[PDB]
Amino acid sequence: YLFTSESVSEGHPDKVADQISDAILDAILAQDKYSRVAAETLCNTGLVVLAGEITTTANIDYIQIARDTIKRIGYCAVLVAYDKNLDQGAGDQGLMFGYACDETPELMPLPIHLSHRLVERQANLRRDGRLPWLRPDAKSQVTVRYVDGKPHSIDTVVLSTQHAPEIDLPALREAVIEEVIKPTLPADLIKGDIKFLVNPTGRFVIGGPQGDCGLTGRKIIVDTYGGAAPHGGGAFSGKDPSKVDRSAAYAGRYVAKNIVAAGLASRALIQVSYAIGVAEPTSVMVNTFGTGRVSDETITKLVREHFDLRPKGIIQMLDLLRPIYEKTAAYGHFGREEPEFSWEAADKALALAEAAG
Amino acid sequence: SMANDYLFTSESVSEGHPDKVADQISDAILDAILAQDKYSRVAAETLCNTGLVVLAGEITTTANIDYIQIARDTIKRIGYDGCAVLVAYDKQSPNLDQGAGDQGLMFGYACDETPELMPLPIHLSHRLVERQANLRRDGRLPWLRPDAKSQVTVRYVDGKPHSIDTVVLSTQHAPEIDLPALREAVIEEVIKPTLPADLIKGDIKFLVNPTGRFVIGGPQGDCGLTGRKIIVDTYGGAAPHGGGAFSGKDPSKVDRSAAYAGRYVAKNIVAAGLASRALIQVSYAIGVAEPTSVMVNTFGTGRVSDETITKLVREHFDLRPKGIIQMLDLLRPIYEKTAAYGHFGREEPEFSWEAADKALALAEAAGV
């Protein structure tokens, strides 16, 4: 079968909103790391709206931080409407999913991993001036052929990128295929039936907020597993680590990744859920899709013994009170093994393998 | 097939949850536009706060709409009766093989856990919050207010529902009512009458307003945005999701119409008795009509090969963007009603994607 995922660059209007939301979070967290933050962003042609709920001692110039963020991405009236120990109960109810699999060394499903890499690549080539006619907004779609339930080839890659008006399509499409697409695709998967569609709907001069309204939390599938796993619904950006929407999904990834790196399974899906004002999850379950070496329920039991899934437990486990979140807000929260991203360390793998037998 | 014991959870929110307010405003505006011009392009986004509604997005139409009156009417209908409104739409005046207007992946799903062919936990979650709305509006529980959330945890054994483990229900309420009386009322009136009798065992846990009082609700107590309840809108986590929000978008957006078609297909597969459950995944490429990929996974429950089912789907359904609109007659102002209590699993006459009107043909084909 053919399976497809997608990603967007840091310049996509929705990601502009996510990154503004998280730039603001990091600024707050730099001064007062215990702050409660629920920062929502809407951005438009002439308009940025910053809303949601904030509790802090920090003093931030929210407008300057939005402008700095838009500047760094590469591109307004501003409306600011904020309303400004381990047994602590969850601040809200909800469900969260974590996932991992052996399709890549980072233990992410292939299609979303390639999709993120394609847009990261175009941003890299923009910012180092190799393709100086590139502009911020970009979109990738990668369709992967599976045979034997394992990746076989890459059927189609679609990449649309914003660009300066001075360049013609023919040369743009050739440049993107040769410089963006081909180098990012693993050679073992590249075969005769590979289709490259670059800028299928033609000229793409106007991009970002100026071309299309963007909102925080509207790329939650691009942020996570690109369609390879179910999702609980919660957005990440703008939320401090006391919000289980973010902390529990991050812990889910940690758990799932450690189960697979432990050798317990070749893939692992974990659902967690919370009730408001209750520390222990209302539910936890692990599904290994028939690939587990020990029963899913025993893995579920091991998860409880080896990870602290209580909200403040997870903060302490992944050391989350750090201004590290603007970096999370483009190119996927999962699958990038940066030092800051504590949820990507397989540092419980050996302990899990040992406990299982 | 494999012996199992596990807990699975879904959630829903009432029509007065701020994100749902935003979704409903977005779709009320879509409805009003379509009333006057059913070929309109609408991508209407809403953000609402304490004393603030922001309406933004892209709209191409001949309709003349009082955007503020529609937002106000919607808020009033939900139960919330200065509220400044900022209208910043990018507005302008303007075959079956036409291409998709954007790329995306969409999933459709159906299973036999409920008569409506939806997975149980999202079903029960929705009905719990509909029940609190009903009891509010007919005055049986007049102290209730619009904002509420439900969450239902189901213990499955051998791949089948066995008992209800936990029900959470948080509801806004008048300051007049005391917490213990609130909780007893919610357990006996809202929760118990909604749960299936045979799934209530001795180990059931009711978590009603666990952190107590809840007087300031809706936009006043938290910000709402369009497209922030997309899991509540679909299958509660029982299926994968491809990304796209529904509300504020006219049927020409494949994010909405292909999701609906997907449900349609998946539901007719199960209704036909071809499978006890069906997941269908479809992908579109910008400017391409016929979709990239169409696959059906019955998870070992299909009475014929998955391949035969996927083949049957292409003979019996038109999955091209404009084909879906004709097949489901999507050019009608029917969307505000979708914007709370789930887009799937409610068998309203307007909801074309919930009709099992091809099941007989699929059954007759496969041999069921």
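Residue 1 is the first one shown; counting continues down the chain.
Determination method: X-ray crystallography, 2.3 Å.
Cβ coordinates come from backbone N, Cα and C, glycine included.
Taken straight from Swiss-Prot:
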| type | residues | note |
| --- | --- | --- |
| BINDING | B:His17, B:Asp147, B:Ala148, B:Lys149, B:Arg213, B:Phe214, B:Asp222, B:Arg228, B:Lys229, B:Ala245, B:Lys249 | ATP binding site |
| BINDING | B:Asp19 | Mg(2+) binding site |
| BINDING | B:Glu45 | K(+) binding site |
| BINDING | B:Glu58, B:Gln92, B:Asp222, B:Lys253 | L-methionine binding site |
Counting other Cβ atoms within 10 Å of each Cβ, which of the binding-site residues B:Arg213, B:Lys249 scores lowest?
B:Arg213
Taking DSSP three-state, what's B:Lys253 (L-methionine binding site) in: helix, strand or coil?
coil
Where the model skips 9 residues between B:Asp81 and B:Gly82, what's the CA-CA distance in Å to the nearest whole number, could you check?
12
Rounded to a whole number, what is the CA to CA span in angstrom between B:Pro94 and B:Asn95 on either side of 12 missing residues?
18
Using B:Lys253 (L-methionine binding site) as the reference point, find which of the binding-site residues B:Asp19, B:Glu45, B:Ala148, B:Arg213, B:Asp222 has the shortest Cα-to-Cα distance to it.
B:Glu45
Cβ under 8 Å to chain A, applied to binding-site residues B:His17, B:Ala148, B:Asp222, B:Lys249, B:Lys253:
B:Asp222
Around B:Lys229 (ATP binding site), which of the listed binding-site residues (B:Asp19, B:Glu45, B:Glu58, B:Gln92) come within 10 Å, judging by Cα atoms?
B:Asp19
Cα-Cα distance linking B:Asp222 (ATP binding site) and B:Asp19 (Mg(2+) binding site), given in Å to the nearest integer:
9
Calculate the distance in Å between the alpha carbons (Cα) of B:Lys249 (ATP binding site) and B:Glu58 (L-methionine binding site), and round it to a whole number.
10
Rank aside, I only need the closest one: which of the binding-site residues B:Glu45, B:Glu58, B:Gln92 has its C-alpha nearest to that of B:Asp222 (ATP binding site)?
B:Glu45
